[PDB]
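Asker: Take this structure first; my questions come after.
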Amino acid sequence: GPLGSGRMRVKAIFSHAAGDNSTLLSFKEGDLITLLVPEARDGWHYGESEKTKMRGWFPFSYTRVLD
Ligand SMILES: O=C(O)CN(CCN(CC(=O)O)CC(=O)O)CC(=O)O
């Protein structure tokens with residue numbers, strides 16, 4: 001597809017706090033996250049916060065897929 005297409009985003013419907021751990025992504029409810037891998041692994045997805053531009057793994061269950 002055209003370069004830049006295929007983006008998938010989710011909306012945080014619960015907040016998630018990484019703590020002192022750069023592998024995990026923090027976000028507040030309402031933040032949008034662009035997925036950067038094709039599937040969740042063991043219930044964890046990986047993406048980038050629209051608000052903070054940080055990246056990391058998070059519980060997929062804390063979000064819902066935007067359509
Ligand atoms: O529709 C809204 O008011 C805001 N939507 C924008 C995108 N919507 C559009 C819609 O529902 O008509 C799709 C979605 O929430 O998946 C985001 C949200 O609920 O936080």
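Asker: Give a residue-ordered list of calculated ³J(HN,Hα) values for the stretch 12-26 (Karplus: 6.51 cos²θ - 1.76 cosθ + 1.60, θ = phi - 60°; whole Hz; x for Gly, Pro).
Answerer: Here the 3J(HN,Hα) series is 6, 10, 9, 7, 9, 10, 6, x, 7, 7, 7, 7, 9, 9, 8 Hz.
Asker: Express the relative contact order of the chain as a whole percentage, based on alpha carbon pairs under 8 Å and six or more residues apart in sequence. Before the final figure, lay out each step's value.
Answerer: Details: 133 pairs, mean separation 23.2, N = 67.
Once normalised by length, the contact order is 35 percent.
Asker: How high is the FRET efficiency from residue 64 to residue 40, r the C-beta distance, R0 22 Å, rounded to 0.05? The partial results should precede the final answer.
Answerer: Working: r = 13 Å, r/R0 = 0.59.
In this case the efficiency is close to 0.95.
Asker: Residue 15 versus residue 29, label points 7 Å from Cα toward the beta carbon: distance in nm?
Answerer: So the label points at residue 15 and residue 29 sit 1.0 nm apart.
Asker: Counting only residues 5 or more places away or on other chains, whose amide H sits under 5 Å from the amide H of residue 26 once H atoms are built in the peptide plane?
Answerer: Amide H neighbours of residue 26, under 5 Å, 5+ apart: 18.
Asker: Would you please give the residues with an amide H less than 5 Å from that of residue 36, counting only those at least 5 places away or on a separate chain, with H modeled from the backbone geometry?
Answerer: 46, 47, 48
FYI the Cβ positions are ideal-geometry reconstructions off the backbone, even for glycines, and counts take in every protein chain you see. A short reminder: the numbers here are calculations on the coordinates, not readings from a lab.
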